[PDB]
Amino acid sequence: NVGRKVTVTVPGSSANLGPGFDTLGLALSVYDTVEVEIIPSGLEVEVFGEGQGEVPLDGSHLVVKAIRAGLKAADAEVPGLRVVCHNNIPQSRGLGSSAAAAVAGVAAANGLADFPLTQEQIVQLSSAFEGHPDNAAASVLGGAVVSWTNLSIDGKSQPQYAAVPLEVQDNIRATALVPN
């Protein structure tokens, strides 16, 4: 595994936050793209678009962290990574940018390792980065999702994130008013 390259495209998402135990997140047609090639070694990181120049470029970056978490979940290892991000999802605007990043990282690792992870596995891992599944589940599954957190271990608490897909009518449209 050297020279292997995957390309991940991940939607932003929107959740109406409330007092309810169950939260609905809606995946939306604004995307971040992460290109990940396995290089001879080291770690090369680039971020263009949203966050450009604003973010440190190394193993500190959320996406890289997600990849390394994903590679571990996939029970795999790389000699080095070139991680190039092109972001179109506005950051810190309630559009699920950080969730999308985590998802993209795990999904990328999953693709590098020839897809050993289940969908729930990717929801569980990506949600753990934020500690909640609200946006992450929507970025993984697409469409509208209902998610919640079971505090069910033994070994408590160990949050178990669950998410179920709804099918949305074809004619439903989303318009975001994003302040500067």
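Counting begins at 1, following the sequence as shown.
- Averaged over CA atoms, B-factors in the entry run higher in 116-124 than in the other of 116-124 and 136-144.
- Set 126-134 against 36-44 and average the Cα temperature factors; 36-44 ends up higher.
- When the C-alpha B-factors of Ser157, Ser13, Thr23, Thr9 are read from the PDB record, the largest value belongs to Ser157.
- Residue set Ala76, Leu95, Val84, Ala104: peak C-alpha B-factor at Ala76 (per PDB entry).
- When the modelled residues of the chain are ordered by their C-alpha B factor, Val30 lands in the lowest third.
- When the modelled residues of the chain are ordered by C-alpha B-factor, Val164 sits in the lowest third.
- When the modelled residues of the chain are ordered by C-alpha B-factor, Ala174 sits in the middle third.
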